[PDB]
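Peer 1: Attaching a single structure in structure tokens format; questions to follow.
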Protein chains: 2
Amino acid sequence: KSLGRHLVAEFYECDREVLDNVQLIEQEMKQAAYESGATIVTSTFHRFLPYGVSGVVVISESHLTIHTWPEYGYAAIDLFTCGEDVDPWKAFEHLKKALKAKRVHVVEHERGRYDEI
Amino acid sequence: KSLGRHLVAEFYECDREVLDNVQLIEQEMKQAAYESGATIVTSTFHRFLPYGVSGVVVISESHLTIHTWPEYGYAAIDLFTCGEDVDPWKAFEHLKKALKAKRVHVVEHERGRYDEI
């Protein structure tokens with residue numbers, strides 16, 4: 001129906017320790033990419049001071065991103081995947097478990113609708 | 001009223017030459033970052049055969065991403081910024097002009113609403 005599927009997610013009340021662990025966040029982000037069925041092209045993760053992590057996993061034609069605010073137990077996550085063989089919800093599931101979010105909000109966008117392009 | 005502002009944009013009927021130019025796309029994406037007043041953390045762009053360019057400009061606690069489909073004159077753009085002093089719409093404007101998009105669709109999300117966290 002479209003070139004890609006995009007999940008815009010708000011993760012609340014997460015494990016603040018994990019949110020401020022740049023090493024662990026990277027590990028869980030690439031593992032989520034594996035779970036969705038995507039092939040990782042590259043990934044870059046950075047630590048924000050005093051608290052916070054930011055990272056992006058570039059996959060085939062799309063990406064997986066995360067930005068954390070440990071001080072609020074909040075994380076802004078984006079799971080944009082292309083192709084039927086890659087399911088972004090598998091990535092969502094792994095991250096939800098990894099970050100121990102207690103409340104989540106997700107909006108699913110169709111990127112590049114066939115009837116539009 | 002939120003940690004960040006995120007524009008999910010669909011760019012249609014773009015200059016197909018520009019969409020397939022990894023060198024020009026990187027240049028224009030960095031210029032859009034400057035225009036928004038954001039601080040660049042890292043930058044990574046890749047060109048996939050036969051056509052297609054994917055790139056991400058990680059900025060302070062957020063990102064600017066783009067994935068093009070030259071064969072459709074389509075581009076999937078995301079402009080996620082944090083701070084009252086960084087305006088995602090300035091990035092949108094520079095990109096809309098650079099890619100010569102003749103039709104656009106944009107959804108603006110408030111990431112990390114204050115009343116949610």
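Ordering of the structure tokens sets the chain letters (A, B, ...); residue numbers start at 1 within each chain; ligands are numbered from 1 in the order shown.
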I'd like the neighbourhood of range 42-58 of chain A as a PyMOL selection string, where a residue qualifies if any of its atoms comes within 9 Å (using only C-alpha atoms), though same-chain residues fewer than 4 positions away should be ignored.

Peer 2: (chain A and resi 19-23+25-26+29-30+33+62-71) or (chain B and resi 41-42+44+54-56+58+60-63)

Peer 1: Would you mind exporting the chosen residues as a compact mmCIF listing (two decimals), in the first residue's frame, restricted to N, CA, C and O atoms?

Peer 2:
# COMPACT_ATOMS: atom_id res chain seq x y z
N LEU A 19 17.86 4.31 30.05
CA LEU A 19 17.73 5.48 29.19
C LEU A 19 19.01 6.31 29.12
O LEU A 19 19.27 6.96 28.11
N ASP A 20 19.80 6.27 30.19
CA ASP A 20 21.05 7.03 30.22
C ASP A 20 22.29 6.19 29.96
O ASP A 20 23.42 6.65 30.14
N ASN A 21 22.09 4.95 29.52
CA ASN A 21 23.19 4.05 29.21
C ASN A 21 23.39 3.99 27.70
O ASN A 21 22.76 3.18 27.01
N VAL A 22 24.27 4.83 27.18
CA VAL A 22 24.51 4.88 25.74
C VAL A 22 24.93 3.53 25.15
O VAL A 22 24.57 3.20 24.02
N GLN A 23 25.68 2.74 25.91
CA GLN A 23 26.13 1.44 25.43
C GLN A 23 24.97 0.47 25.29
O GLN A 23 24.79 -0.15 24.24
N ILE A 25 21.67 1.17 25.21
CA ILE A 25 20.71 1.67 24.24
C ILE A 25 21.11 1.27 22.82
O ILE A 25 20.28 0.83 22.03
N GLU A 26 22.39 1.40 22.50
CA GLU A 26 22.85 1.02 21.16
C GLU A 26 22.60 -0.48 20.93
O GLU A 26 22.08 -0.88 19.88
N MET A 29 19.01 -1.15 20.41
CA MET A 29 18.52 -0.56 19.16
C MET A 29 18.88 -1.42 17.95
O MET A 29 18.05 -1.63 17.07
N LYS A 30 20.11 -1.92 17.91
CA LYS A 30 20.50 -2.78 16.80
C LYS A 30 19.78 -4.13 16.90
O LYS A 30 19.48 -4.76 15.88
N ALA A 33 16.45 -3.79 15.44
CA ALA A 33 16.55 -3.78 13.99
C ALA A 33 16.62 -5.22 13.49
O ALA A 33 16.07 -5.56 12.44
N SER A 62 15.46 3.24 5.06
CA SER A 62 14.76 3.89 6.16
C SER A 62 15.58 3.96 7.46
O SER A 62 16.81 3.88 7.41
N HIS A 63 14.91 4.10 8.64
CA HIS A 63 15.73 4.21 9.84
C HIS A 63 14.92 3.88 11.09
O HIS A 63 13.71 3.76 11.14
N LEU A 64 15.71 3.76 12.20
CA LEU A 64 15.25 3.52 13.54
C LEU A 64 15.97 4.54 14.38
O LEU A 64 17.20 4.57 14.40
N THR A 65 15.23 5.38 15.10
CA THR A 65 15.86 6.41 15.93
C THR A 65 15.30 6.39 17.35
O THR A 65 14.20 5.88 17.61
N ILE A 66 16.07 6.96 18.27
CA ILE A 66 15.67 7.05 19.67
C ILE A 66 16.37 8.24 20.31
O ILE A 66 17.54 8.52 20.03
N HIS A 67 15.64 8.95 21.16
CA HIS A 67 16.17 10.10 21.87
C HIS A 67 15.59 10.01 23.28
O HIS A 67 14.36 10.03 23.46
N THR A 68 16.46 9.89 24.27
CA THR A 68 16.01 9.75 25.65
C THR A 68 16.25 10.95 26.56
O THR A 68 17.18 11.73 26.36
N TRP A 69 15.37 11.09 27.55
CA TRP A 69 15.42 12.13 28.58
C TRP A 69 15.28 11.36 29.89
O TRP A 69 14.19 11.27 30.45
N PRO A 70 16.39 10.76 30.37
CA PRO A 70 16.40 9.98 31.62
C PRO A 70 15.74 10.70 32.79
O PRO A 70 15.08 10.08 33.62
N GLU A 71 15.92 12.02 32.82
CA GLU A 71 15.37 12.87 33.87
C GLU A 71 13.84 12.80 33.94
O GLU A 71 13.24 13.14 34.96
N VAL B 41 25.43 17.20 15.29
CA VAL B 41 26.21 16.30 16.13
C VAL B 41 27.05 15.41 15.22
O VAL B 41 28.26 15.29 15.39
N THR B 42 26.38 14.79 14.25
CA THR B 42 27.03 13.91 13.30
C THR B 42 26.21 13.91 12.02
O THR B 42 25.06 14.34 12.00
N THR B 44 25.56 11.44 8.33
CA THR B 44 25.86 10.23 7.56
C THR B 44 24.87 10.04 6.42
O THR B 44 23.65 9.95 6.63
N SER B 54 19.81 7.92 1.22
CA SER B 54 19.30 7.96 2.58
C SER B 54 20.35 8.71 3.39
O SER B 54 21.55 8.52 3.20
N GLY B 55 19.89 9.60 4.26
CA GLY B 55 20.82 10.36 5.06
C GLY B 55 20.20 10.86 6.33
O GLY B 55 18.99 11.08 6.41
N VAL B 56 21.04 11.03 7.34
CA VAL B 56 20.58 11.53 8.62
C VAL B 56 21.57 12.54 9.18
O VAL B 56 22.77 12.34 9.14
N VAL B 58 22.15 13.98 12.64
CA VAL B 58 21.83 13.96 14.05
C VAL B 58 22.14 15.33 14.62
O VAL B 58 23.25 15.85 14.46
N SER B 60 21.25 18.25 18.08
CA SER B 60 21.11 18.24 19.52
C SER B 60 19.80 17.56 19.93
O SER B 60 18.71 18.08 19.66
N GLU B 61 19.92 16.39 20.56
CA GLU B 61 18.77 15.61 21.03
C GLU B 61 17.70 15.26 20.00
O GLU B 61 16.57 14.97 20.38
N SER B 62 18.03 15.28 18.72
CA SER B 62 17.02 14.96 17.72
C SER B 62 17.63 14.69 16.35
O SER B 62 18.82 14.42 16.25
N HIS B 63 16.82 14.78 15.31
CA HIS B 63 17.36 14.45 13.99
C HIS B 63 16.59 15.04 12.81
O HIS B 63 15.45 15.48 12.91

Peer 1: Pick out the residues sitting within 9 Å of residue 3 in chain A, and hand them over as a compact mmCIF listing (two decimals) with N, CA, C and O atoms, in the first residue's frame; count only C-alpha atoms, and ignore anything fewer than 5 positions along from it in its own chain.

Peer 2:
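Produced file part.txt, reproduced below:
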# COMPACT_ATOMS: atom_id res chain seq x y z
N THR A 81 10.29 1.59 8.53
CA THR A 81 10.79 0.45 7.75
C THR A 81 10.15 0.39 6.36
O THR A 81 9.04 0.88 6.16
N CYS A 82 10.85 -0.20 5.40
CA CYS A 82 10.36 -0.34 4.03
C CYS A 82 10.29 -1.80 3.58
O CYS A 82 11.25 -2.56 3.74
N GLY A 83 9.16 -2.19 3.00
CA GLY A 83 9.00 -3.56 2.54
C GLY A 83 8.18 -4.44 3.47
O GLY A 83 8.26 -4.32 4.70
N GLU A 110 1.91 5.83 6.99
CA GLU A 110 2.24 5.23 5.74
C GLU A 110 3.12 6.23 5.04
O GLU A 110 2.69 7.37 4.84
N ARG A 111 4.34 5.86 4.70
CA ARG A 111 5.23 6.75 3.98
C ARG A 111 5.25 6.31 2.52
O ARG A 111 5.46 5.14 2.23
N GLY A 112 5.05 7.26 1.62
CA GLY A 112 5.05 6.97 0.20
C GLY A 112 3.88 6.10 -0.25
O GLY A 112 4.09 5.02 -0.81
N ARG A 113 2.66 6.56 0.00
CA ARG A 113 1.49 5.81 -0.42
C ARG A 113 1.52 5.67 -1.93
O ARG A 113 1.76 6.64 -2.65
N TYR A 114 1.29 4.45 -2.41
CA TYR A 114 1.30 4.17 -3.84
C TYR A 114 0.37 5.07 -4.66
O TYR A 114 0.73 5.49 -5.76

Peer 1: Taking the DSSP secondary structure from the backbone, can you list the residues of chain A that are alpha helix (DSSP H), as JSON, numbers by chain?

Peer 2: {"A": [16, 17, 18, 19, 22, 23, 24, 25, 26, 27, 28, 29, 30, 31, 32, 33, 34, 35, 36, 88, 89, 90, 91, 92, 93, 94, 95, 96, 97, 98, 99]}

Peer 1: Fewer than 3 positions away in the same chain doesn't count, so skip those; otherwise give me all residues within 12 Å of residue 84 in chain A, counting only C-alpha atoms, as a list in words.

Peer 2: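 In the requested form, the answer reads residues 1, 2, 3, 4, 5, 36, 37, 38, 81, 87 and 88 of chain A.
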
Peer 1: Taking 5 positions as the minimum chain separation for residues in the same chain, which residues sit within 10 Å of residue 108 in chain A when counting only C-alpha atoms? Answer as a list in words.

Peer 2: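 My list of contacting residues is residues 5, 6, 7, 8, 9, 78, 79, 80, 88 and 89 of chain A.
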
Peer 1: Return the single residue from B:85, B:77, B:18, B:39 that is closest to chain A, with distances computed using only C-alpha atoms.

Peer 2: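 Going through B:85, B:77, B:18, B:39 one by one, the smallest distance to chain A is for B:77.
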
Peer 1: Can you tell me which residues surround residue 97 in chain B at a distance of at most 12 Å, considering only C-alpha atoms, apart from same-chain residues fewer than 4 positions away, and format the answer as an MDAnalysis selection string?

Peer 2: chainID B and resid 11 14:15 18 28:29 31:32 90:93 101:104

Peer 1: In Å to one decimal, how far is CA of residue 40 in chain B from CA of residue 96 in chain B?

Peer 2: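 CA of residue 40 in chain B lies 20.1 Å from CA of residue 96 in chain B.
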
Peer 1: Could you jot down the CA of residue 117 in chain B to CA of residue 13 in chain A separation for me, Å, one decimal place?

Peer 2: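 For CA of residue 117 in chain B relative to CA of residue 13 in chain A, the distance reads 8.0 Å.
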
Peer 1: Could you check how far CA of residue 35 in chain A sits from CA of residue 94 in chain A, in Å to one decimal?

Peer 2: 7.5 Å
